[PDB]
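Everything below concerns the one structure shown next.
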Amino acid sequence: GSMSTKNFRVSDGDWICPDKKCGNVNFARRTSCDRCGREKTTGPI
Ligand SMILES: [Zn+2]
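Numbering follows the authors' numbering, in which position 3 of the sequence shown is assigned residue number 3; successive positions increment by one, without gaps.
In C-alpha cells form, the structure reads like this:
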C-alpha cells in the first residue's frame with residue numbers, strides 16, 4: 001500500500017482491531033471492537 005508507515009493509522013491510546021481484515025479505529029476504552037465486537041487482543045501479524 002501507499003505511504004510506508006511503521007505505525008498504523010492510529011495513535012498510542014486508540015487502537016485498531018487485532019485482525020487486519022477489519023482494522024477499525026476503535027474508540028479507546030474499548031474492550032471489544034466498535035465494528036465487530038471482538039475482544040481487545042494482541043493478534044498475530
Ligand atoms: Zn473489528
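Every residue, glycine too, gets a C-beta built ideally from N, C-alpha and C.
Asked	Found
Return yes when at least one heavy atom of ligand 1 lies under 7 Å from the C-beta of residue 38, else no.	yes
For a test of the three-state rule: what should DSSP assign to residue 32, helix, strand or coil?	strand
So what does DSSP say about residue 10, is it helix, strand or coil?	coil
Which residues does DSSP pair with residue 45 in a beta bridge?	Per DSSP, none; premise fails for residue 45.
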